[PDB]
file query04.txt (compact mmCIF, C-alpha atoms)
# COMPACT_ATOMS: atom_id res chain seq x y z
CA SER A 6 17.47 27.27 -12.99
CA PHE A 7 17.77 24.84 -10.08
CA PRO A 8 20.81 25.95 -7.99
CA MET A 9 20.39 22.93 -5.70
CA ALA A 10 21.66 20.71 -8.50
CA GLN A 11 24.98 22.61 -8.63
CA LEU A 12 25.56 22.30 -4.87
CA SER A 13 28.00 19.64 -3.68
CA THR A 14 26.31 16.63 -2.11
CA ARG A 15 27.48 17.73 1.36
CA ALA A 16 26.14 21.25 0.74
CA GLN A 17 22.84 19.81 -0.57
CA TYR A 18 22.32 17.80 2.59
CA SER A 19 23.39 20.70 4.82
CA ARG A 20 21.00 22.89 2.81
CA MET A 21 18.11 20.47 3.15
CA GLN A 22 18.84 20.18 6.85
CA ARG A 23 18.75 23.89 7.67
CA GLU A 24 15.80 24.34 5.32
CA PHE A 25 13.91 21.65 7.22
CA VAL A 26 14.73 23.05 10.66
CA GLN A 27 13.26 26.35 9.45
CA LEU A 28 10.20 24.58 8.03
CA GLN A 29 9.67 22.76 11.34
CA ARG A 30 9.53 25.94 13.42
CA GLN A 31 7.44 27.67 10.78
CA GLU A 32 4.21 26.63 12.48
CA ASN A 33 3.59 27.06 16.21
CA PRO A 34 1.41 24.16 17.40
CA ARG A 35 0.09 25.99 20.46
CA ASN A 36 -1.20 28.80 18.23
CA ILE A 37 -3.54 26.96 15.88
CA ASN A 38 -7.30 26.49 16.03
CA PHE A 39 -7.94 22.76 16.46
CA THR A 40 -11.53 23.07 17.68
CA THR A 41 -13.52 20.49 15.71
CA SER A 42 -10.62 18.05 15.86
CA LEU A 43 -10.53 18.38 19.64
CA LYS A 44 -14.28 17.82 19.88
CA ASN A 45 -13.75 14.55 18.02
CA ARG A 46 -11.00 13.18 20.25
CA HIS A 47 -12.62 9.75 20.18
CA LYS A 48 -12.19 9.52 16.40
CA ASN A 49 -8.55 10.64 16.45
CA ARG A 50 -5.87 8.00 16.01
CA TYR A 51 -3.20 10.01 17.76
CA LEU A 52 -3.45 12.44 20.68
CA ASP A 53 -1.12 15.05 19.14
CA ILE A 54 -2.20 14.76 15.49
CA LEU A 55 -5.01 17.22 14.87
CA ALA A 56 -6.67 18.74 11.81
CA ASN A 57 -6.38 22.50 11.24
CA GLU A 58 -9.76 24.20 11.55
CA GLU A 59 -9.27 26.61 8.65
CA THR A 60 -8.74 23.83 6.08
CA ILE A 61 -10.49 20.97 7.81
CA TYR A 62 -12.18 18.43 5.55
CA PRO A 63 -14.93 17.69 5.23
CA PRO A 64 -15.87 21.36 6.00
CA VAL A 65 -18.01 22.00 9.12
CA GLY A 74 -26.93 18.28 13.15
CA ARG A 75 -24.40 15.58 12.25
CA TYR A 76 -20.98 16.44 10.83
CA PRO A 77 -18.83 13.59 9.44
CA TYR A 78 -15.26 13.87 10.75
CA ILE A 79 -12.06 12.21 9.41
CA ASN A 80 -9.22 14.28 10.86
CA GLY A 81 -8.38 15.47 7.38
CA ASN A 82 -7.48 18.66 5.58
CA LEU A 83 -8.04 20.06 2.12
CA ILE A 84 -4.72 20.59 0.37
CA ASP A 85 -5.24 22.90 -2.59
CA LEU A 86 -2.01 24.14 -4.18
CA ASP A 87 -3.62 25.37 -7.39
CA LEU A 88 -2.84 22.28 -9.46
CA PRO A 89 -4.94 20.09 -11.76
CA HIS A 90 -5.71 18.11 -8.60
CA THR A 91 -6.63 19.05 -5.05
CA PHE A 92 -6.02 16.61 -2.17
CA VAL A 93 -7.40 15.47 1.14
CA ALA A 94 -4.77 14.52 3.71
CA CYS A 95 -6.04 12.56 6.70
CA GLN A 96 -5.17 9.83 9.19
CA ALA A 97 -6.27 6.22 8.86
CA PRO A 98 -9.82 6.11 10.31
CA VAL A 99 -10.14 4.50 13.72
CA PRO A 100 -12.97 1.92 14.02
CA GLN A 101 -15.43 4.43 15.55
CA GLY A 102 -14.61 6.72 12.59
CA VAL A 103 -14.76 4.39 9.56
CA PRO A 104 -18.47 5.10 8.89
CA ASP A 105 -17.57 8.81 8.72
CA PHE A 106 -14.59 8.03 6.44
CA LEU A 107 -16.62 5.84 4.09
CA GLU A 108 -19.56 8.26 4.20
CA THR A 109 -17.34 11.09 3.11
CA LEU A 110 -15.92 9.16 0.19
CA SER A 111 -19.54 8.62 -0.95
CA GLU A 112 -20.88 12.05 -0.05
CA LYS A 113 -17.97 13.88 -1.75
CA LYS A 114 -17.76 11.37 -4.61
CA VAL A 115 -14.06 10.79 -4.17
CA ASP A 116 -12.81 8.65 -7.09
CA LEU A 117 -9.32 7.89 -5.81
CA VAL A 118 -8.01 7.03 -2.34
CA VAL A 119 -4.27 6.50 -1.79
CA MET A 120 -3.07 4.66 1.35
CA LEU A 121 0.65 4.88 2.22
CA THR A 122 0.62 2.50 5.13
CA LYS A 123 0.23 -1.10 6.20
CA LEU A 124 -2.43 -2.04 8.76
CA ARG A 125 0.47 -2.89 11.12
CA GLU A 126 4.27 -2.55 10.81
CA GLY A 127 5.66 -5.36 12.77
CA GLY A 128 2.71 -5.57 15.15
CA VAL A 129 2.43 -1.85 15.73
CA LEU A 130 -1.16 -0.85 14.92
CA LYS A 131 -1.20 1.76 12.15
CA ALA A 132 -4.54 1.51 10.36
CA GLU A 133 -7.93 -0.14 10.27
CA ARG A 134 -8.95 -2.29 7.33
CA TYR A 135 -12.02 -0.95 5.50
CA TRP A 136 -12.03 -3.21 2.48
CA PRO A 137 -13.24 -6.77 2.08
CA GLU A 138 -10.41 -9.35 2.19
CA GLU A 139 -10.27 -12.97 1.04
CA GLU A 140 -12.76 -14.27 1.06
CA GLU A 141 -15.38 -11.69 1.91
CA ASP A 142 -17.45 -9.77 -0.62
CA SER A 143 -18.93 -7.35 1.85
CA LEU A 144 -17.91 -5.39 4.92
CA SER A 145 -20.25 -3.28 7.02
CA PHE A 146 -19.59 -0.60 9.59
CA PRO A 147 -20.65 -1.19 12.23
CA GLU A 148 -22.63 -4.27 11.03
CA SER A 149 -24.71 -4.96 14.13
CA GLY A 150 -26.54 -1.61 13.95
CA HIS A 151 -29.46 -0.69 11.67
CA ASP A 152 -28.35 2.17 9.42
CA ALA A 153 -24.86 0.91 8.52
CA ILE A 154 -22.50 1.57 5.63
CA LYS A 155 -21.50 -1.31 3.36
CA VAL A 156 -18.29 -1.75 1.44
CA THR A 157 -18.39 -4.44 -1.21
CA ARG A 158 -16.10 -5.51 -4.02
CA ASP A 159 -16.73 -4.23 -7.52
CA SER A 163 -11.61 -6.55 -9.51
CA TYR A 164 -8.47 -6.30 -7.31
CA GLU A 165 -4.91 -6.56 -8.64
CA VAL A 166 -1.57 -6.98 -6.88
CA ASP A 167 1.70 -5.65 -8.27
CA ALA A 168 4.09 -7.77 -6.26
CA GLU A 169 7.24 -5.93 -7.36
CA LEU A 170 6.00 -2.42 -6.65
CA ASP A 171 4.16 -3.52 -3.48
CA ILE A 172 1.00 -1.80 -4.71
CA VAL A 173 -2.52 -3.21 -4.37
CA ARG A 174 -5.44 -1.73 -6.30
CA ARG A 175 -8.87 -2.32 -4.73
CA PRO A 176 -11.93 -1.20 -6.66
CA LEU A 177 -14.64 -0.84 -4.03
CA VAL A 178 -18.28 0.05 -3.72
CA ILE A 179 -19.61 2.08 -0.78
CA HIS A 180 -23.32 1.80 0.03
CA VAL A 181 -24.64 4.61 2.24
CA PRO A 182 -28.25 4.05 3.33
CA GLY A 183 -30.56 6.37 1.40
CA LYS A 184 -27.96 7.11 -1.24
CA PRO A 185 -26.73 5.66 -4.56
CA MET A 186 -23.76 3.28 -4.72
CA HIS A 187 -20.41 5.02 -5.01
CA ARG A 188 -17.45 3.33 -6.61
CA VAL A 189 -14.01 4.36 -5.48
CA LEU A 190 -10.58 2.99 -6.25
CA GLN A 191 -8.13 2.62 -3.39
CA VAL A 192 -4.46 2.19 -4.07
CA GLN A 193 -2.35 0.90 -1.16
CA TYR A 194 1.42 1.05 -1.08
CA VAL A 195 3.05 -1.13 1.56
CA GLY A 196 6.75 -0.51 0.86
CA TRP A 197 6.74 2.76 2.80
CA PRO A 198 7.48 2.53 6.57
CA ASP A 199 6.13 5.11 8.99
CA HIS A 200 8.56 7.99 9.56
CA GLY A 201 10.56 6.57 6.64
CA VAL A 202 11.09 6.72 2.87
CA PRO A 203 9.78 4.70 -0.12
CA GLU A 204 11.57 1.37 -0.57
CA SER A 205 11.79 1.78 -4.37
CA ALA A 206 11.83 4.77 -6.70
CA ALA A 207 9.66 2.88 -9.19
CA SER A 208 6.85 2.40 -6.66
CA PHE A 209 6.99 6.10 -5.78
CA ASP A 210 6.85 6.98 -9.47
CA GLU A 211 3.94 4.67 -10.13
CA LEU A 212 2.02 6.42 -7.35
CA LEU A 213 2.75 9.85 -8.76
CA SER A 214 1.70 8.54 -12.16
CA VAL A 215 -1.56 7.15 -10.79
CA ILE A 216 -2.36 10.55 -9.29
CA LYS A 217 -1.47 12.54 -12.42
CA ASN A 218 -3.42 10.24 -14.74
CA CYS A 219 -6.61 10.31 -12.63
CA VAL A 220 -9.62 12.00 -14.21
CA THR A 221 -11.72 13.46 -11.40
CA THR A 222 -13.58 16.57 -10.28
CA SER A 223 -13.28 15.61 -6.62
CA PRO A 224 -10.23 15.81 -4.32
CA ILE A 225 -7.92 12.85 -4.35
CA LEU A 226 -7.76 11.51 -0.82
CA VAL A 227 -4.36 10.49 0.48
CA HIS A 228 -3.76 9.09 3.93
CA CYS A 229 -1.32 7.04 5.82
CA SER A 230 -1.41 6.31 9.55
CA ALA A 231 -1.29 9.87 10.88
CA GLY A 232 -1.72 11.35 7.40
CA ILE A 233 1.21 13.77 7.64
CA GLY A 234 4.65 12.30 6.95
CA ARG A 235 4.32 10.04 3.90
CA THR A 236 1.11 11.79 3.05
CA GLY A 237 2.74 15.19 2.68
CA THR A 238 5.84 13.72 1.03
CA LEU A 239 3.73 12.24 -1.81
CA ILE A 240 1.58 15.32 -2.28
CA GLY A 241 4.70 17.50 -2.19
CA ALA A 242 6.47 15.38 -4.83
CA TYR A 243 3.42 15.52 -7.13
CA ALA A 244 3.34 19.32 -6.82
CA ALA A 245 7.02 19.86 -7.56
CA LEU A 246 6.88 17.60 -10.63
CA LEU A 247 3.93 19.63 -11.81
CA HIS A 248 6.03 22.82 -11.47
CA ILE A 249 8.71 21.11 -13.56
CA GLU A 250 6.29 20.13 -16.35
CA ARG A 251 4.96 23.71 -16.40
CA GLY A 252 8.49 25.08 -16.78
CA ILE A 253 8.09 27.10 -13.58
CA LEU A 254 10.73 25.38 -11.42
CA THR A 255 12.43 27.89 -9.10
CA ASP A 256 15.18 27.68 -6.46
CA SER A 257 12.63 27.83 -3.62
CA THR A 258 9.99 25.62 -5.29
CA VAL A 259 10.34 22.61 -2.99
CA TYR A 260 10.67 24.81 0.07
CA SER A 261 7.47 26.74 -0.59
CA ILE A 262 5.45 23.69 -1.56
CA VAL A 263 6.30 22.16 1.77
CA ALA A 264 5.73 25.46 3.64
CA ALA A 265 2.30 25.79 2.05
CA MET A 266 1.50 22.20 3.02
CA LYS A 267 2.55 22.68 6.64
CA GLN A 268 0.33 25.78 6.74
CA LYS A 269 -2.70 23.76 5.62
CA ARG A 270 -2.18 20.73 7.85
CA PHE A 271 0.25 20.91 10.78
CA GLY A 272 3.15 18.48 10.36
CA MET A 273 3.02 17.66 6.65
CA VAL A 274 6.39 15.96 5.99
CA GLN A 275 7.79 14.68 9.28
CA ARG A 276 11.44 13.89 8.65
CA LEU A 277 14.43 15.42 6.95
CA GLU A 278 14.72 12.17 5.00
CA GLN A 279 11.18 12.59 3.68
CA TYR A 280 11.89 16.20 2.75
CA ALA A 281 14.89 14.86 0.85
CA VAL A 282 12.71 12.48 -1.19
CA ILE A 283 10.86 15.48 -2.64
CA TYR A 284 14.12 17.15 -3.70
CA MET A 285 15.37 13.89 -5.11
CA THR A 286 12.21 13.51 -7.15
CA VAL A 287 12.85 16.96 -8.61
CA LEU A 288 16.59 16.47 -9.20
CA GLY A 289 15.89 13.04 -10.66
CA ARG A 290 13.41 14.35 -13.23
CA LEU A 291 15.99 16.92 -14.29
CA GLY A 292 18.42 14.08 -15.02
CA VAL A 293 20.63 14.77 -11.99
CA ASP A 294 22.48 11.80 -10.44
CA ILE A 295 20.88 10.88 -7.14
CA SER A 296 23.27 8.17 -5.86
CA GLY A 297 25.45 10.84 -4.29
CA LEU A 298 22.84 11.82 -1.72
CA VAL A 299 20.45 8.85 -1.65
CA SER A 300 23.20 7.30 0.44
CA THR A 301 21.47 8.90 3.42

call {"tool": "encode", "arguments": {"input": "query04.txt", "output": "structure tokens"}}
result
Amino acid sequence: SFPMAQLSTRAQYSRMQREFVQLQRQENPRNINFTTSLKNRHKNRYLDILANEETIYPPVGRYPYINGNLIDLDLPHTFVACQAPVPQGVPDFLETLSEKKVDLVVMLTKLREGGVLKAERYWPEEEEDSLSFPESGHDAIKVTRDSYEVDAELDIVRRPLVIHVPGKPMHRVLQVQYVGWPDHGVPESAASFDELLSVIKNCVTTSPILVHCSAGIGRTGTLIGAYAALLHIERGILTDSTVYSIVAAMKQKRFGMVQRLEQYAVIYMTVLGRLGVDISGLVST
């Protein structure tokens, strides 16, 4: 049923490599409508990382913008993939979480790796109870505590938060941050990765689950991709091109989803692993 499992390790890698090359050229950057994203340059974290118009989220007089995309792959859950909000854009980020009543937010990045700036903190830390954006101005959005827990072994923090948008009811939202996943890289422990997938699957919600990391593309797509393929496994619909298509569909919805061969590999390894295939052979990069 899954011909990739019968391939020799060398052939698996080779196969993932030429699959990925094909997936990379699938989308032509210069041929996509990036209109709203380009009008919000000042809220974009990176110059080259832009949200596709056709799937932009929130959907398009004041329009909140988060450089995000709706990722609907016909599963129990739909997802929002976006960058980490820049300061000027946090009010829009927070507002959206409240407006769209998003129950879960997953963050796959640290604020800084080494001292490279990756993200902007939008939750109270020790020992604050309240954070406001922008906090000088009149109509401002508040983020207060609701409690937190830290799983030191899995490098996963859970932060229950409350967002207070002026003129609107409180909105509680749970963020889960994983800090054992370096930009352009792979999860530092299978168990962390699995906990994340488990947290997504076990979430009851009628709103998209929002997933971001710095640019909201590499780790972001890897995680969403892995969730999808597992789902296909549980529904006994696993096919030889399952991983490939899931990633292809993701790249179509948000340019760049899954940045590195290594990340692509993680998705396959999640699949192979759940089918009781031995991973050691290829995990060795």

call {"tool": "closest_atom_pairs", "arguments": {"input": "query04.txt", "of": "region 64-123 of chain A", "to": "region 247-260 of chain A", "cutoff": "12 Å", "atoms": "only C-alpha atoms", "output": "Markdown table"}}
result
| residue | atom | partner | partner_atom | distance |
| --- | --- | --- | --- | --- |
| A:86 | CA | A:247 | CA | 10.7 |
| A:87 | CA | A:247 | CA | 10.5 |
| A:88 | CA | A:247 | CA | 7.6 |
| A:89 | CA | A:247 | CA | 8.9 |
| A:90 | CA | A:247 | CA | 10.3 |

call {"tool": "residues_around", "arguments": {"input": "query04.txt", "residues": "residue 199 (chain A)", "least_positions_apart": "6", "cutoff": "12 Å", "atoms": "only C-alpha atoms", "output": "ChimeraX atom specification"}}
result
/A:120-127,129-132,228-236,238,274-276,278-279

call {"tool": "residues_around", "arguments": {"input": "query04.txt", "residues": "residue 83 (chain A)", "least_positions_apart": "5", "cutoff": "10 Å", "atoms": "all atoms listed in the file", "output": "VMD selection string"}}
result
chain A and resid 56 to 57 59 to 64 91 to 95 224 to 226 266 269 to 270

call {"tool": "closest_atom_pairs", "arguments": {"input": "query04.txt", "of": "region 75-146 of chain A", "to": "region 168-190 of chain A", "cutoff": "8 Å", "atoms": "only C-alpha atoms", "output": "CSV"}}
result
residue,atom,partner,partner_atom,distance
A:107,CA,A:179,CA,6.8
A:108,CA,A:181,CA,6.6
A:110,CA,A:189,CA,7.7
A:111,CA,A:187,CA,5.5
A:114,CA,A:187,CA,6.9
A:115,CA,A:189,CA,6.6
A:116,CA,A:189,CA,4.7
A:117,CA,A:190,CA,5.1
A:118,CA,A:190,CA,6.2
A:136,CA,A:177,CA,7.4

call {"tool": "atom_distance", "arguments": {"input": "query04.txt", "atom1": "CA of residue 103 (chain A)", "atom2": "CA of residue 79 (chain A)"}}
result
8.3 Å

call {"tool": "atom_distance", "arguments": {"input": "query04.txt", "atom1": "CA of residue 80 (chain A)", "atom2": "CA of residue 50 (chain A)"}}
result
8.8 Å

call {"tool": "atom_distance", "arguments": {"input": "query04.txt", "atom1": "CA of residue 33 (chain A)", "atom2": "CA of residue 201 (chain A)"}}
result
23.7 Å

call {"tool": "closest_residue", "arguments": {"input": "query04.txt", "among": "A:153, A:244, A:293, A:99", "to": "residue 134 (chain A)", "atoms": "all atoms listed in the file"}}
result
A:99

call {"tool": "decode", "arguments": {"input": "query04.txt", "residues": "region 148-191 of chain A", "atoms": "N, CA and C atoms", "output": "short mmCIF file (atom, residue, chain, number, x, y, z; two decimals), in the first residue's frame"}}
result
data_model
loop_
_atom_site.label_atom_id
_atom_site.label_comp_id
_atom_site.auth_asym_id
_atom_site.auth_seq_id
_atom_site.Cartn_x
_atom_site.Cartn_y
_atom_site.Cartn_z
N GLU A 148 -0.66 50.08 23.44
CA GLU A 148 -0.52 50.65 24.79
C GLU A 148 -0.26 52.10 25.20
N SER A 149 -0.19 52.97 24.20
CA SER A 149 0.01 54.39 24.40
C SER A 149 -1.38 54.79 23.89
N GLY A 150 -1.71 54.37 22.68
CA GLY A 150 -2.93 54.81 22.00
C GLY A 150 -4.26 54.44 22.69
N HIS A 151 -5.31 55.18 22.34
CA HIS A 151 -6.64 54.99 22.90
C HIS A 151 -7.54 53.77 22.84
N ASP A 152 -7.94 53.39 21.63
CA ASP A 152 -8.40 52.07 21.23
C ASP A 152 -7.20 51.13 21.04
N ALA A 153 -6.97 50.26 22.02
CA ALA A 153 -5.85 49.32 21.97
C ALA A 153 -6.36 47.96 22.38
N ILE A 154 -5.67 46.92 21.92
CA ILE A 154 -6.06 45.55 22.22
C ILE A 154 -5.24 45.02 23.39
N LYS A 155 -5.93 44.43 24.37
CA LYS A 155 -5.24 43.87 25.53
C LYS A 155 -5.15 42.35 25.48
N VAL A 156 -4.01 41.85 25.95
CA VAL A 156 -3.81 40.42 26.10
C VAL A 156 -3.43 40.17 27.54
N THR A 157 -4.30 39.46 28.25
CA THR A 157 -4.06 39.18 29.65
C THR A 157 -3.98 37.67 29.84
N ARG A 158 -3.44 37.26 30.98
CA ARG A 158 -3.47 35.86 31.37
C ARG A 158 -4.89 35.43 31.66
N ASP A 159 -5.09 34.12 31.69
CA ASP A 159 -6.39 33.56 32.02
C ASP A 159 -6.29 32.76 33.32
N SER A 163 -4.12 28.59 33.73
CA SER A 163 -2.78 29.16 33.82
C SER A 163 -1.80 28.50 32.84
N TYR A 164 -0.60 29.09 32.72
CA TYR A 164 0.49 28.53 31.91
C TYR A 164 1.04 27.22 32.46
N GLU A 165 1.54 26.36 31.57
CA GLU A 165 2.39 25.24 31.96
C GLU A 165 3.57 25.05 31.02
N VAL A 166 4.66 24.51 31.55
CA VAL A 166 5.88 24.30 30.80
C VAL A 166 6.28 22.83 30.81
N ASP A 167 6.26 22.18 29.66
CA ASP A 167 6.81 20.83 29.57
C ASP A 167 8.26 20.93 29.17
N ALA A 168 9.13 20.84 30.17
CA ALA A 168 10.55 21.05 29.95
C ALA A 168 11.20 20.03 29.02
N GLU A 169 10.69 18.80 29.02
CA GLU A 169 11.32 17.76 28.19
C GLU A 169 10.92 17.87 26.72
N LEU A 170 9.68 18.25 26.48
CA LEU A 170 9.20 18.39 25.12
C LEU A 170 9.43 19.80 24.56
N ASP A 171 9.92 20.70 25.40
CA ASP A 171 10.12 22.10 25.00
C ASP A 171 8.84 22.74 24.44
N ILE A 172 7.74 22.52 25.16
CA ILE A 172 6.44 23.02 24.78
C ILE A 172 5.82 23.81 25.92
N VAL A 173 5.54 25.08 25.67
CA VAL A 173 4.81 25.94 26.59
C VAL A 173 3.35 26.08 26.16
N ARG A 174 2.43 25.94 27.11
CA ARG A 174 1.03 26.25 26.85
C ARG A 174 0.67 27.55 27.57
N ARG A 175 0.13 28.51 26.82
CA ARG A 175 -0.26 29.80 27.38
C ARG A 175 -1.74 30.10 27.14
N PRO A 176 -2.58 29.84 28.14
CA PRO A 176 -3.97 30.28 27.97
C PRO A 176 -4.02 31.80 28.09
N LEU A 177 -4.64 32.45 27.11
CA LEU A 177 -4.61 33.90 27.04
C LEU A 177 -6.01 34.45 26.89
N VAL A 178 -6.18 35.72 27.24
CA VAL A 178 -7.43 36.41 26.92
C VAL A 178 -7.13 37.67 26.11
N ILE A 179 -7.84 37.80 24.99
CA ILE A 179 -7.72 38.96 24.11
C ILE A 179 -8.92 39.87 24.30
N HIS A 180 -8.67 41.14 24.58
CA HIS A 180 -9.76 42.10 24.79
C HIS A 180 -9.78 43.18 23.71
N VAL A 181 -10.66 43.02 22.73
CA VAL A 181 -10.80 43.98 21.64
C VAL A 181 -11.88 44.99 22.00
N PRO A 182 -11.54 46.28 21.97
CA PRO A 182 -12.49 47.32 22.40
C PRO A 182 -13.81 47.21 21.64
N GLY A 183 -14.91 47.11 22.38
CA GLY A 183 -16.23 47.04 21.79
C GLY A 183 -16.72 45.62 21.62
N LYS A 184 -15.90 44.67 22.05
CA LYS A 184 -16.17 43.26 21.82
C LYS A 184 -15.97 42.47 23.10
N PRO A 185 -16.62 41.31 23.20
CA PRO A 185 -16.42 40.39 24.32
C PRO A 185 -15.00 39.80 24.38
N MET A 186 -14.54 39.50 25.59
CA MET A 186 -13.31 38.75 25.80
C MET A 186 -13.30 37.54 24.89
N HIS A 187 -12.11 37.17 24.42
CA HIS A 187 -11.93 35.91 23.70
C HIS A 187 -10.76 35.16 24.28
N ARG A 188 -11.02 33.95 24.77
CA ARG A 188 -9.93 33.13 25.25
C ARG A 188 -9.38 32.32 24.10
N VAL A 189 -8.07 32.10 24.14
CA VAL A 189 -7.39 31.38 23.09
C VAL A 189 -6.16 30.75 23.72
N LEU A 190 -5.90 29.50 23.36
CA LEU A 190 -4.75 28.79 23.88
C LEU A 190 -3.61 28.80 22.87
N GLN A 191 -2.47 29.39 23.22
CA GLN A 191 -1.32 29.23 22.35
C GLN A 191 -0.42 28.12 22.87
#
